[PDB]
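Source file: final_10.txt. Holds: compact mmCIF, N, CA and C atoms and all ligand atoms.
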# COMPACT_ATOMS: atom_id res chain seq x y z
N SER Q 7 136.17 45.22 117.56
CA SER Q 7 136.74 46.55 117.63
C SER Q 7 137.14 47.01 116.23
N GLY Q 8 137.31 48.32 116.05
CA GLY Q 8 137.76 48.89 114.78
C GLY Q 8 137.23 50.30 114.58
N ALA Q 9 137.92 51.10 113.79
CA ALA Q 9 137.53 52.44 113.49
C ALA Q 9 137.94 52.85 112.10
N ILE Q 10 137.34 53.93 111.56
CA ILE Q 10 137.74 54.57 110.31
C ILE Q 10 138.43 55.90 110.65
N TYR Q 11 139.58 56.15 110.04
CA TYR Q 11 140.35 57.37 110.27
C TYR Q 11 140.38 58.14 108.98
N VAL Q 12 139.69 59.26 108.90
CA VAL Q 12 139.57 60.12 107.72
C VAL Q 12 139.79 61.59 108.11
N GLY Q 13 140.83 62.22 107.56
CA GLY Q 13 141.17 63.59 107.92
C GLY Q 13 141.43 63.71 109.41
N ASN Q 14 140.79 64.65 110.08
CA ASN Q 14 140.93 64.81 111.52
C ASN Q 14 139.77 64.17 112.31
N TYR Q 15 139.19 63.09 111.76
CA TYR Q 15 138.08 62.39 112.41
C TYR Q 15 138.39 60.91 112.60
N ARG Q 16 137.80 60.32 113.65
CA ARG Q 16 137.84 58.90 113.95
C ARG Q 16 136.34 58.51 114.08
N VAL Q 17 135.90 57.52 113.27
CA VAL Q 17 134.52 57.01 113.27
C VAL Q 17 134.50 55.67 113.96
N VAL Q 18 133.72 55.51 115.05
CA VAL Q 18 133.69 54.22 115.76
C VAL Q 18 132.22 53.83 116.02
N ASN Q 19 131.95 52.56 116.42
CA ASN Q 19 130.63 52.21 116.91
C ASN Q 19 130.39 53.04 118.18
N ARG Q 20 129.19 53.62 118.29
CA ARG Q 20 128.91 54.47 119.48
C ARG Q 20 128.99 53.63 120.75
N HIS Q 21 128.55 52.33 120.71
CA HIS Q 21 128.61 51.52 121.92
C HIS Q 21 130.05 51.16 122.36
N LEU Q 22 131.04 51.31 121.49
CA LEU Q 22 132.41 51.02 121.83
C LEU Q 22 133.26 52.29 122.04
N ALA Q 23 132.63 53.51 121.96
CA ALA Q 23 133.38 54.74 122.10
C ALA Q 23 134.05 54.85 123.48
N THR Q 24 135.30 55.32 123.50
CA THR Q 24 136.09 55.45 124.75
C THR Q 24 135.86 56.81 125.44
N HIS Q 25 136.46 57.00 126.66
CA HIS Q 25 136.38 58.32 127.30
C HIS Q 25 136.99 59.42 126.44
N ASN Q 26 138.10 59.11 125.74
CA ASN Q 26 138.75 60.10 124.89
C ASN Q 26 137.85 60.43 123.72
N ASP Q 27 137.14 59.42 123.15
CA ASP Q 27 136.18 59.72 122.08
C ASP Q 27 135.12 60.72 122.54
N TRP Q 28 134.51 60.48 123.73
CA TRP Q 28 133.44 61.34 124.21
C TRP Q 28 134.02 62.74 124.63
N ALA Q 29 135.30 62.85 125.05
CA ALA Q 29 135.87 64.17 125.38
C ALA Q 29 136.24 65.00 124.16
N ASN Q 30 136.34 64.36 122.99
CA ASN Q 30 136.64 65.03 121.72
C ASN Q 30 135.49 64.76 120.74
N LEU Q 31 134.28 64.74 121.26
CA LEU Q 31 133.09 64.47 120.49
C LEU Q 31 132.84 65.50 119.38
N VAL Q 32 132.54 65.03 118.14
CA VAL Q 32 132.17 65.88 117.01
C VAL Q 32 130.67 65.70 116.72
N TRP Q 33 130.22 64.42 116.69
CA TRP Q 33 128.84 64.07 116.37
C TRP Q 33 128.58 62.61 116.84
N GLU Q 34 127.37 62.33 117.26
CA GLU Q 34 126.98 60.97 117.62
C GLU Q 34 125.48 60.80 117.34
N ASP Q 35 125.10 59.58 117.00
CA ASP Q 35 123.72 59.26 116.70
C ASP Q 35 123.42 57.86 117.25
N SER Q 36 122.68 57.77 118.36
CA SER Q 36 122.35 56.53 118.99
C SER Q 36 121.54 55.62 118.02
N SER Q 37 120.66 56.24 117.24
CA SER Q 37 119.85 55.46 116.30
C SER Q 37 120.69 54.82 115.22
N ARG Q 38 121.89 55.30 114.97
CA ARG Q 38 122.80 54.71 113.93
C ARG Q 38 123.92 53.86 114.56
N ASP Q 39 124.06 53.85 115.88
CA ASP Q 39 125.24 53.27 116.55
C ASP Q 39 126.53 53.85 116.05
N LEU Q 40 126.56 55.17 115.74
CA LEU Q 40 127.84 55.81 115.33
C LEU Q 40 128.24 56.96 116.25
N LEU Q 41 129.55 57.15 116.36
CA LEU Q 41 130.10 58.31 117.06
C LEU Q 41 131.37 58.70 116.29
N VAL Q 42 131.59 60.02 116.12
CA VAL Q 42 132.78 60.58 115.45
C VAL Q 42 133.45 61.50 116.46
N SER Q 43 134.73 61.29 116.60
CA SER Q 43 135.56 62.11 117.48
C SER Q 43 136.65 62.75 116.66
N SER Q 44 137.29 63.83 117.22
CA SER Q 44 138.38 64.50 116.52
C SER Q 44 139.72 63.90 116.93
N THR Q 45 140.68 63.98 116.04
CA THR Q 45 142.03 63.42 116.21
C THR Q 45 143.09 64.50 116.01
N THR Q 46 144.28 64.26 116.54
CA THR Q 46 145.41 65.16 116.32
C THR Q 46 146.13 64.75 115.02
N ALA Q 47 146.23 63.44 114.73
CA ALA Q 47 146.93 62.98 113.52
C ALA Q 47 145.97 62.93 112.34
N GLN Q 48 146.49 63.08 111.13
CA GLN Q 48 145.67 63.05 109.92
C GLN Q 48 145.46 61.62 109.44
N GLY Q 49 144.20 61.28 109.18
CA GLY Q 49 143.75 59.99 108.66
C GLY Q 49 143.71 59.93 107.14
N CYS Q 50 143.97 58.75 106.60
CA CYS Q 50 144.05 58.55 105.16
C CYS Q 50 143.07 57.59 104.56
N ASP Q 51 142.05 57.18 105.31
CA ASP Q 51 141.05 56.27 104.72
C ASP Q 51 140.20 57.09 103.74
N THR Q 52 139.73 56.49 102.70
CA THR Q 52 138.90 57.14 101.70
C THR Q 52 137.48 56.62 101.91
N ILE Q 53 136.51 57.53 102.01
CA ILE Q 53 135.12 57.12 102.17
C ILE Q 53 134.49 56.99 100.79
N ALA Q 54 133.85 55.90 100.51
CA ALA Q 54 133.11 55.66 99.28
C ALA Q 54 131.92 56.64 99.16
N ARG Q 55 131.64 57.15 97.91
CA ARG Q 55 130.47 58.03 97.67
C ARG Q 55 129.75 57.34 96.47
N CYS Q 56 128.80 56.44 96.77
CA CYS Q 56 128.28 55.52 95.75
C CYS Q 56 127.02 54.80 96.26
N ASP Q 57 126.39 53.96 95.39
CA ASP Q 57 125.27 53.14 95.81
C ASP Q 57 125.60 51.65 95.67
N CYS Q 58 126.90 51.28 95.79
CA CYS Q 58 127.29 49.88 95.70
C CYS Q 58 126.47 49.00 96.67
N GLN Q 59 126.14 47.80 96.29
CA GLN Q 59 125.52 46.79 97.12
C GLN Q 59 126.34 45.54 97.18
N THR Q 60 127.65 45.61 96.77
CA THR Q 60 128.57 44.49 96.92
C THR Q 60 129.89 45.10 97.49
N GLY Q 61 130.60 44.28 98.29
CA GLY Q 61 131.85 44.73 98.90
C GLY Q 61 132.48 43.58 99.68
N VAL Q 62 133.45 43.92 100.50
CA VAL Q 62 134.20 42.93 101.29
C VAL Q 62 134.28 43.47 102.70
N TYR Q 63 134.04 42.62 103.69
CA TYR Q 63 134.20 43.07 105.09
C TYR Q 63 135.21 42.21 105.84
N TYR Q 64 135.84 42.82 106.87
CA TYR Q 64 136.77 42.12 107.74
C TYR Q 64 135.99 41.52 108.92
N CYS Q 65 136.19 40.23 109.17
CA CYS Q 65 135.55 39.46 110.25
C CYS Q 65 136.63 39.01 111.24
N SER Q 66 136.81 39.73 112.35
CA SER Q 66 137.84 39.42 113.30
C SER Q 66 137.68 38.05 113.97
N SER Q 67 136.43 37.54 114.13
CA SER Q 67 136.21 36.20 114.71
C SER Q 67 136.59 35.06 113.76
N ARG Q 68 137.01 35.36 112.53
CA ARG Q 68 137.51 34.34 111.61
C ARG Q 68 138.89 34.73 111.09
N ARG Q 69 139.45 35.91 111.47
CA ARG Q 69 140.69 36.47 110.88
C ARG Q 69 140.64 36.41 109.36
N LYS Q 70 139.47 36.79 108.77
CA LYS Q 70 139.33 36.68 107.32
C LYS Q 70 138.47 37.81 106.80
N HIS Q 71 138.61 38.08 105.52
CA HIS Q 71 137.72 38.98 104.79
C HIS Q 71 136.73 38.16 103.96
N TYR Q 72 135.47 38.61 103.91
CA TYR Q 72 134.44 37.88 103.13
C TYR Q 72 133.76 38.83 102.15
N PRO Q 73 133.53 38.40 100.91
CA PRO Q 73 132.75 39.20 99.96
C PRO Q 73 131.27 39.03 100.26
N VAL Q 74 130.51 40.09 100.15
CA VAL Q 74 129.06 40.07 100.43
C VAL Q 74 128.28 40.92 99.50
N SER Q 75 126.98 40.56 99.34
CA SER Q 75 125.94 41.44 98.80
C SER Q 75 125.12 42.01 99.99
N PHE Q 76 124.85 43.31 99.99
CA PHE Q 76 124.20 43.91 101.16
C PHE Q 76 123.07 44.78 100.72
N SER Q 77 122.09 44.98 101.63
CA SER Q 77 120.94 45.80 101.30
C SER Q 77 121.26 47.33 101.34
N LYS Q 78 120.41 48.21 100.77
CA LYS Q 78 120.61 49.67 100.87
C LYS Q 78 120.29 50.12 102.31
N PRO Q 79 120.91 51.20 102.75
CA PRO Q 79 120.71 51.64 104.15
C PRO Q 79 119.24 51.85 104.47
N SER Q 80 118.78 51.28 105.61
CA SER Q 80 117.35 51.38 105.94
C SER Q 80 117.17 51.23 107.45
N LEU Q 81 115.90 51.39 107.92
CA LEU Q 81 115.53 51.22 109.32
C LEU Q 81 115.27 49.73 109.51
N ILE Q 82 115.98 49.10 110.45
CA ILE Q 82 115.92 47.67 110.71
C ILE Q 82 115.77 47.44 112.21
N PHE Q 83 114.84 46.54 112.60
CA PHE Q 83 114.64 46.23 114.02
C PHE Q 83 115.84 45.46 114.60
N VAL Q 84 116.34 45.92 115.76
CA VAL Q 84 117.49 45.30 116.40
C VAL Q 84 117.14 44.95 117.88
N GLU Q 85 117.48 43.71 118.30
CA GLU Q 85 117.25 43.17 119.68
C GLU Q 85 117.95 44.02 120.74
N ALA Q 86 117.49 43.97 122.00
CA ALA Q 86 118.14 44.68 123.09
C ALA Q 86 119.58 44.16 123.39
N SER Q 87 120.42 45.01 123.97
CA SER Q 87 121.77 44.72 124.48
C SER Q 87 121.96 45.51 125.81
N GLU Q 88 123.15 45.46 126.46
CA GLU Q 88 123.41 46.34 127.61
C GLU Q 88 123.63 47.79 127.17
N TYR Q 89 123.59 48.09 125.83
CA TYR Q 89 123.79 49.41 125.28
C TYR Q 89 122.50 50.04 124.80
N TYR Q 90 121.56 49.22 124.29
CA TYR Q 90 120.30 49.82 123.80
C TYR Q 90 119.09 48.94 124.08
N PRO Q 91 117.89 49.53 124.32
CA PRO Q 91 116.68 48.67 124.34
C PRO Q 91 116.35 48.25 122.88
N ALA Q 92 115.41 47.33 122.66
CA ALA Q 92 115.02 46.94 121.28
C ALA Q 92 114.47 48.20 120.55
N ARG Q 93 114.96 48.42 119.30
CA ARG Q 93 114.58 49.63 118.58
C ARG Q 93 114.83 49.45 117.06
N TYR Q 94 114.47 50.47 116.27
CA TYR Q 94 114.86 50.49 114.87
C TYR Q 94 116.20 51.23 114.83
N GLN Q 95 117.21 50.56 114.26
CA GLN Q 95 118.50 51.21 114.00
C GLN Q 95 118.41 51.70 112.54
N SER Q 96 118.74 52.94 112.33
CA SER Q 96 118.66 53.57 111.01
C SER Q 96 120.04 53.46 110.27
N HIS Q 97 119.99 53.63 108.94
CA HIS Q 97 121.13 53.64 108.03
C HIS Q 97 121.91 52.32 108.13
N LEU Q 98 121.18 51.23 108.31
CA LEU Q 98 121.80 49.92 108.50
C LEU Q 98 121.61 49.09 107.20
N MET Q 99 122.69 48.37 106.85
CA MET Q 99 122.68 47.52 105.64
C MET Q 99 122.89 46.06 106.09
N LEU Q 100 122.10 45.10 105.63
CA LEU Q 100 122.25 43.70 106.07
C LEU Q 100 122.84 42.84 104.94
N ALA Q 101 123.58 41.83 105.35
CA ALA Q 101 124.13 40.81 104.43
C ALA Q 101 124.11 39.45 105.10
N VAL Q 102 124.18 38.37 104.29
CA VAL Q 102 124.30 37.02 104.82
C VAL Q 102 125.79 36.78 105.10
N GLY Q 103 126.12 36.56 106.36
CA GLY Q 103 127.54 36.37 106.69
C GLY Q 103 127.73 36.18 108.16
N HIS Q 104 128.87 35.64 108.54
CA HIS Q 104 129.19 35.43 109.92
C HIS Q 104 129.58 36.68 110.68
N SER Q 105 129.12 36.84 111.91
CA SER Q 105 129.58 37.87 112.80
C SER Q 105 129.33 37.46 114.25
N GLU Q 106 130.09 38.04 115.18
CA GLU Q 106 129.94 37.90 116.64
C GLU Q 106 130.10 39.30 117.25
N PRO Q 107 129.73 39.53 118.53
CA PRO Q 107 129.74 40.93 119.05
C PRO Q 107 131.07 41.67 118.90
N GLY Q 108 132.20 41.00 119.10
CA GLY Q 108 133.52 41.61 119.00
C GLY Q 108 133.91 41.95 117.58
N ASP Q 109 133.10 41.48 116.60
CA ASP Q 109 133.35 41.83 115.19
C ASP Q 109 132.92 43.26 114.86
N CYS Q 110 132.17 43.95 115.76
CA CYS Q 110 131.77 45.34 115.53
C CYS Q 110 133.01 46.18 115.33
N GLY Q 111 132.94 47.04 114.33
CA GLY Q 111 134.09 47.88 113.99
C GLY Q 111 134.84 47.44 112.74
N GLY Q 112 134.63 46.18 112.32
CA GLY Q 112 135.26 45.71 111.07
C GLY Q 112 134.79 46.52 109.88
N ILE Q 113 135.71 46.87 109.00
CA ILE Q 113 135.32 47.68 107.86
C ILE Q 113 134.70 46.89 106.71
N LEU Q 114 133.70 47.49 106.09
CA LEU Q 114 133.10 47.03 104.79
C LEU Q 114 133.62 48.03 103.74
N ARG Q 115 134.20 47.48 102.66
CA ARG Q 115 134.74 48.33 101.59
C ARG Q 115 134.26 47.84 100.25
N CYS Q 116 134.05 48.78 99.34
CA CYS Q 116 133.79 48.48 97.91
C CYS Q 116 135.02 49.06 97.12
N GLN Q 117 134.98 48.99 95.74
CA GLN Q 117 136.09 49.54 94.95
C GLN Q 117 136.31 51.05 95.12
N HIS Q 118 135.30 51.76 95.66
CA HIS Q 118 135.34 53.22 95.84
C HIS Q 118 135.98 53.64 97.18
N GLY Q 119 136.03 52.70 98.16
CA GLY Q 119 136.52 53.05 99.48
C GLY Q 119 135.70 52.44 100.59
N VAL Q 120 135.77 53.05 101.76
CA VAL Q 120 135.05 52.56 102.96
C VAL Q 120 133.58 52.83 102.86
N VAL Q 121 132.75 51.81 103.05
CA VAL Q 121 131.29 51.92 103.03
C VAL Q 121 130.69 52.08 104.42
N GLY Q 122 131.21 51.33 105.37
CA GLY Q 122 130.68 51.39 106.75
C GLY Q 122 131.40 50.39 107.62
N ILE Q 123 130.83 50.17 108.82
CA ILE Q 123 131.47 49.30 109.81
C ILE Q 123 130.48 48.33 110.37
N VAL Q 124 130.93 47.10 110.72
CA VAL Q 124 130.02 46.12 111.35
C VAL Q 124 129.39 46.72 112.61
N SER Q 125 128.07 46.60 112.74
CA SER Q 125 127.36 47.12 113.88
C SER Q 125 126.39 46.16 114.53
N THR Q 126 125.87 45.17 113.79
CA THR Q 126 124.89 44.22 114.37
C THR Q 126 125.17 42.86 113.78
N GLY Q 127 124.53 41.84 114.35
CA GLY Q 127 124.57 40.52 113.76
C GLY Q 127 123.73 39.54 114.54
N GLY Q 128 123.65 38.37 114.00
CA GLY Q 128 122.93 37.27 114.65
C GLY Q 128 122.27 36.39 113.61
N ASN Q 129 122.05 35.11 113.93
CA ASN Q 129 121.36 34.19 113.02
C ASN Q 129 121.93 34.15 111.61
N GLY Q 130 123.25 34.28 111.49
CA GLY Q 130 123.87 34.22 110.19
C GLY Q 130 123.75 35.50 109.35
N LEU Q 131 123.35 36.58 109.95
CA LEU Q 131 123.28 37.83 109.24
C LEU Q 131 124.33 38.75 109.88
N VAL Q 132 124.79 39.72 109.07
CA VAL Q 132 125.68 40.74 109.61
C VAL Q 132 125.14 42.12 109.14
N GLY Q 133 125.14 43.11 110.03
CA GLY Q 133 124.63 44.41 109.67
C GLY Q 133 125.74 45.47 109.78
N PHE Q 134 125.76 46.40 108.84
CA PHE Q 134 126.80 47.43 108.74
C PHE Q 134 126.17 48.81 108.83
N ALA Q 135 126.74 49.64 109.68
CA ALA Q 135 126.31 51.03 109.78
C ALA Q 135 126.95 51.79 108.61
N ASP Q 136 126.12 52.34 107.71
CA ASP Q 136 126.60 53.11 106.58
C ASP Q 136 127.25 54.42 107.01
N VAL Q 137 128.33 54.83 106.29
CA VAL Q 137 128.94 56.15 106.52
C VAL Q 137 128.98 56.96 105.20
N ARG Q 138 128.50 56.43 104.08
CA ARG Q 138 128.67 57.10 102.78
C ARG Q 138 127.87 58.38 102.67
N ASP Q 139 126.83 58.56 103.48
CA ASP Q 139 126.05 59.80 103.40
C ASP Q 139 126.71 60.93 104.20
N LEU Q 140 127.73 60.66 105.05
CA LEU Q 140 128.33 61.69 105.90
C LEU Q 140 129.37 62.45 105.12
N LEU Q 141 128.85 63.38 104.30
CA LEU Q 141 129.69 64.09 103.33
C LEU Q 141 130.74 64.97 104.00
N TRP Q 142 130.42 65.48 105.23
CA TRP Q 142 131.30 66.35 106.02
C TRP Q 142 132.58 65.63 106.51
N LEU Q 143 132.63 64.26 106.51
CA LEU Q 143 133.85 63.57 106.94
C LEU Q 143 135.07 63.99 106.10
N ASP Q 144 134.84 64.43 104.83
CA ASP Q 144 135.86 64.82 103.85
C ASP Q 144 136.28 66.25 103.82
N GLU Q 145 135.71 67.10 104.66
CA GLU Q 145 136.02 68.52 104.64
C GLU Q 145 136.18 69.05 106.07
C1 LIG T 201 128.14 41.94 115.29
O1 LIG T 201 127.21 41.89 116.38
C2 LIG T 201 126.75 40.67 116.80
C3 LIG T 201 126.82 39.51 116.04
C4 LIG T 201 126.20 38.38 116.55
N1 LIG T 201 125.52 38.37 117.70
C5 LIG T 201 125.49 39.50 118.40
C6 LIG T 201 126.10 40.67 118.04
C7 LIG T 201 126.09 41.89 118.93
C8 LIG T 201 125.10 42.91 118.41
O2 LIG T 201 124.32 42.63 117.50
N2 LIG T 201 125.24 44.17 118.90
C9 LIG T 201 126.28 44.61 119.85
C10 LIG T 201 125.80 45.76 120.74
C11 LIG T 201 125.16 46.88 119.92
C12 LIG T 201 124.01 46.33 119.09
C13 LIG T 201 123.31 47.43 118.30
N3 LIG T 201 123.94 47.90 117.22
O3 LIG T 201 122.22 47.86 118.66
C14 LIG T 201 124.49 45.20 118.18
ZN ZN T 202 131.07 51.72 95.84

Could you write out this file's structure as structure tokens?
Ligand SMILES: COc1ccncc1CC(=O)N1CCC[C@@H](C(N)=O)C1
Ligand SMILES: [Zn+2]
Amino acid sequence: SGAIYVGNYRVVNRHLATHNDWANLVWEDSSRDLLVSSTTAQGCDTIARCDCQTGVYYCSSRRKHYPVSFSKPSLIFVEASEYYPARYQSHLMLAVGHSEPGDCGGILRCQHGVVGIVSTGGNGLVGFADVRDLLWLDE
């Protein structure tokens, strides 16, 4: 679990979005596993605007943060779940690192701010849904 709170928006994994998220829907993209909903309270997370390929992510299944090198956002094949059939997930960045399904939502951050959130994993890899291209989150 986990979310990013920026201005009047909450960014979550689309597969973990709640009824309140879908009733206050701003934007969603199944191909990215992202959903953004509106909030009443103001958020203070800073979104990174950069091409960093190194950062730190939170891993809830280890109660730890790990430093990683990650790939640039791209289309990557992802196995089926109860949420999606097998498909290419877009804007996904991969790194070598531990993850489990409940780790989705953990933040990846560089020195500039929030880069994205854990969205996939398996076989010792972890994948993060990028948010740095969503320039509208700041206005
Ligand atoms: C962090 O995720 C995991 C890690 C290890 N084994 C499995 C997982 C779970 C996983 O990959 N999922 C969860 C359901 C949505 C899927 C998607 N984005 O299409 C990804
Ligand atoms: Zn950066």

Legend entry - Nearby polymer residues, ligand LIG 201 (chain T), at most 6.5 Å, all atoms listed in the file, as a VMD selection string: chain Q and resid 21 39 84 to 85 87 to 90 105 to 110 124 to 129 132 to 133

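Every residue having at least one atom no farther than 7 Å from ligand ZN 202 (chain T) is included below, with only C-alpha atoms and all ligand atoms taken into account: residues 54, 55, 56, 57, 58, 116, 117, 118 and 119 of chain Q.
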
Inset, instruction - Choose the residue, out of Q:31, Q:50, Q:101, Q:41, that has the smallest atom-to-atom separation from residue 76 in chain Q; count only C-alpha atoms. - result: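 Nearest to residue 76 in chain Q: Q:101.
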
Legend entry - Length of the CA of residue 7 in chain Q to CA of residue 81 in chain Q vector [Å]: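 It comes out at 23.3 Å.
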
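Across the model, the gap from CA of residue 112 in chain Q to CA of residue 48 in chain Q is 20.3 Å.
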
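Residues with any atom within 7 Å of range 92-97 of chain Q, counting only C-alpha atoms and excluding same-chain neighbours fewer than 6 positions away, are residues 37, 38, 79, 80, 81, 82, 83, 84, 85, 86, 135 and 136 of chain Q.
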
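CA of residue 15 in chain Q lies 26.2 Å from CA of residue 70 in chain Q.
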
Legend entry - strand (DSSP E or B) positions in range 24-122 of chain Q, given as a PyMOL selection string: chain Q and resi 31-35+40-50+53+60-65+70-76+80-84+93-102+113-116+119-122

Those residues with N, CA and C atoms, as a compact mmCIF listing (two decimals), in the frame of the given file please?
# COMPACT_ATOMS: atom_id res chain seq x y z
N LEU Q 31 134.28 64.74 121.26
CA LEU Q 31 133.09 64.47 120.49
C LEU Q 31 132.84 65.50 119.38
N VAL Q 32 132.54 65.03 118.14
CA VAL Q 32 132.17 65.88 117.01
C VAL Q 32 130.67 65.70 116.72
N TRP Q 33 130.22 64.42 116.69
CA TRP Q 33 128.84 64.07 116.37
C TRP Q 33 128.58 62.61 116.84
N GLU Q 34 127.37 62.33 117.26
CA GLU Q 34 126.98 60.97 117.62
C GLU Q 34 125.48 60.80 117.34
N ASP Q 35 125.10 59.58 117.00
CA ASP Q 35 123.72 59.26 116.70
C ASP Q 35 123.42 57.86 117.25
N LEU Q 40 126.56 55.17 115.74
CA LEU Q 40 127.84 55.81 115.33
C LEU Q 40 128.24 56.96 116.25
N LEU Q 41 129.55 57.15 116.36
CA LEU Q 41 130.10 58.31 117.06
C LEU Q 41 131.37 58.70 116.29
N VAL Q 42 131.59 60.02 116.12
CA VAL Q 42 132.78 60.58 115.45
C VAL Q 42 133.45 61.50 116.46
N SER Q 43 134.73 61.29 116.60
CA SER Q 43 135.56 62.11 117.48
C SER Q 43 136.65 62.75 116.66
N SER Q 44 137.29 63.83 117.22
CA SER Q 44 138.38 64.50 116.52
C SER Q 44 139.72 63.90 116.93
N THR Q 45 140.68 63.98 116.04
CA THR Q 45 142.03 63.42 116.21
C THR Q 45 143.09 64.50 116.01
N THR Q 46 144.28 64.26 116.54
CA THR Q 46 145.41 65.16 116.32
C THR Q 46 146.13 64.75 115.02
N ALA Q 47 146.23 63.44 114.73
CA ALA Q 47 146.93 62.98 113.52
C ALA Q 47 145.97 62.93 112.34
N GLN Q 48 146.49 63.08 111.13
CA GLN Q 48 145.67 63.05 109.92
C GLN Q 48 145.46 61.62 109.44
N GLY Q 49 144.20 61.28 109.18
CA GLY Q 49 143.75 59.99 108.66
C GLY Q 49 143.71 59.93 107.14
N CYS Q 50 143.97 58.75 106.60
CA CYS Q 50 144.05 58.55 105.16
C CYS Q 50 143.07 57.59 104.56
N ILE Q 53 136.51 57.53 102.01
CA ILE Q 53 135.12 57.12 102.17
C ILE Q 53 134.49 56.99 100.79
N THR Q 60 127.65 45.61 96.77
CA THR Q 60 128.57 44.49 96.92
C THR Q 60 129.89 45.10 97.49
N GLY Q 61 130.60 44.28 98.29
CA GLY Q 61 131.85 44.73 98.90
C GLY Q 61 132.48 43.58 99.68
N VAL Q 62 133.45 43.92 100.50
CA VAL Q 62 134.20 42.93 101.29
C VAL Q 62 134.28 43.47 102.70
N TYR Q 63 134.04 42.62 103.69
CA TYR Q 63 134.20 43.07 105.09
C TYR Q 63 135.21 42.21 105.84
N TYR Q 64 135.84 42.82 106.87
CA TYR Q 64 136.77 42.12 107.74
C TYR Q 64 135.99 41.52 108.92
N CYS Q 65 136.19 40.23 109.17
CA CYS Q 65 135.55 39.46 110.25
C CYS Q 65 136.63 39.01 111.24
N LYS Q 70 139.47 36.79 108.77
CA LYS Q 70 139.33 36.68 107.32
C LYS Q 70 138.47 37.81 106.80
N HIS Q 71 138.61 38.08 105.52
CA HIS Q 71 137.72 38.98 104.79
C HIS Q 71 136.73 38.16 103.96
N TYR Q 72 135.47 38.61 103.91
CA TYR Q 72 134.44 37.88 103.13
C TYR Q 72 133.76 38.83 102.15
N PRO Q 73 133.53 38.40 100.91
CA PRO Q 73 132.75 39.20 99.96
C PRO Q 73 131.27 39.03 100.26
N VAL Q 74 130.51 40.09 100.15
CA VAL Q 74 129.06 40.07 100.43
C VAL Q 74 128.28 40.92 99.50
N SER Q 75 126.98 40.56 99.34
CA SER Q 75 125.94 41.44 98.80
C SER Q 75 125.12 42.01 99.99
N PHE Q 76 124.85 43.31 99.99
CA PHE Q 76 124.20 43.91 101.16
C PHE Q 76 123.07 44.78 100.72
N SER Q 80 118.78 51.28 105.61
CA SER Q 80 117.35 51.38 105.94
C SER Q 80 117.17 51.23 107.45
N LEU Q 81 115.90 51.39 107.92
CA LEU Q 81 115.53 51.22 109.32
C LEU Q 81 115.27 49.73 109.51
N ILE Q 82 115.98 49.10 110.45
CA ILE Q 82 115.92 47.67 110.71
C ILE Q 82 115.77 47.44 112.21
N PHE Q 83 114.84 46.54 112.60
CA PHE Q 83 114.64 46.23 114.02
C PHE Q 83 115.84 45.46 114.60
N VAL Q 84 116.34 45.92 115.76
CA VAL Q 84 117.49 45.30 116.40
C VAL Q 84 117.14 44.95 117.88
N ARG Q 93 114.96 48.42 119.30
CA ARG Q 93 114.58 49.63 118.58
C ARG Q 93 114.83 49.45 117.06
N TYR Q 94 114.47 50.47 116.27
CA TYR Q 94 114.86 50.49 114.87
C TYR Q 94 116.20 51.23 114.83
N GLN Q 95 117.21 50.56 114.26
CA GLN Q 95 118.50 51.21 114.00
C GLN Q 95 118.41 51.70 112.54
N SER Q 96 118.74 52.94 112.33
CA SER Q 96 118.66 53.57 111.01
C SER Q 96 120.04 53.46 110.27
N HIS Q 97 119.99 53.63 108.94
CA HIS Q 97 121.13 53.64 108.03
C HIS Q 97 121.91 52.32 108.13
N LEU Q 98 121.18 51.23 108.31
CA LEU Q 98 121.80 49.92 108.50
C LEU Q 98 121.61 49.09 107.20
N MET Q 99 122.69 48.37 106.85
CA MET Q 99 122.68 47.52 105.64
C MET Q 99 122.89 46.06 106.09
N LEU Q 100 122.10 45.10 105.63
CA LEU Q 100 122.25 43.70 106.07
C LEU Q 100 122.84 42.84 104.94
N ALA Q 101 123.58 41.83 105.35
CA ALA Q 101 124.13 40.81 104.43
C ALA Q 101 124.11 39.45 105.10
N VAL Q 102 124.18 38.37 104.29
CA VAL Q 102 124.30 37.02 104.82
C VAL Q 102 125.79 36.78 105.10
N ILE Q 113 135.71 46.87 109.00
CA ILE Q 113 135.32 47.68 107.86
C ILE Q 113 134.70 46.89 106.71
N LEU Q 114 133.70 47.49 106.09
CA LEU Q 114 133.10 47.03 104.79
C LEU Q 114 133.62 48.03 103.74
N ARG Q 115 134.20 47.48 102.66
CA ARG Q 115 134.74 48.33 101.59
C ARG Q 115 134.26 47.84 100.25
N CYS Q 116 134.05 48.78 99.34
CA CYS Q 116 133.79 48.48 97.91
C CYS Q 116 135.02 49.06 97.12
N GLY Q 119 136.03 52.70 98.16
CA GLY Q 119 136.52 53.05 99.48
C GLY Q 119 135.70 52.44 100.59
N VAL Q 120 135.77 53.05 101.76
CA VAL Q 120 135.05 52.56 102.96
C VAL Q 120 133.58 52.83 102.86
N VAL Q 121 132.75 51.81 103.05
CA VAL Q 121 131.29 51.92 103.03
C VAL Q 121 130.69 52.08 104.42
N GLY Q 122 131.21 51.33 105.37
CA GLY Q 122 130.68 51.39 106.75
C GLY Q 122 131.40 50.39 107.62

Legend entry - Exercise: residues within 8 Å of coordinate (134.6, 63.5, 117.4), counting only N, CA and C atoms, as a ChimeraX atom specification: /Q:14-17,26-34,41-45

Written record: range 82-94 of chain Q, C-alpha atoms, as an mmCIF file, in the first residue's frame:
data_model
loop_
_atom_site.group_PDB
_atom_site.id
_atom_site.type_symbol
_atom_site.label_atom_id
_atom_site.label_comp_id
_atom_site.auth_asym_id
_atom_site.auth_seq_id
_atom_site.Cartn_x
_atom_site.Cartn_y
_atom_site.Cartn_z
ATOM 1 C CA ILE Q 82 7.601 -3.829 -20.256
ATOM 2 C CA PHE Q 83 5.748 -7.171 -20.422
ATOM 3 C CA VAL Q 84 3.915 -7.992 -17.162
ATOM 4 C CA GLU Q 85 2.334 -11.412 -16.118
ATOM 5 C CA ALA Q 86 -1.436 -11.742 -15.467
ATOM 6 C CA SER Q 87 -3.032 -10.996 -12.009
ATOM 7 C CA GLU Q 88 -6.713 -10.787 -10.763
ATOM 8 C CA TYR Q 89 -6.441 -7.105 -11.930
ATOM 9 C CA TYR Q 90 -5.017 -7.412 -15.461
ATOM 10 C CA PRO Q 91 -4.437 -10.009 -18.224
ATOM 11 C CA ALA Q 92 -0.763 -10.344 -19.432
ATOM 12 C CA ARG Q 93 0.118 -7.078 -21.244
ATOM 13 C CA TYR Q 94 2.740 -4.358 -21.807
#
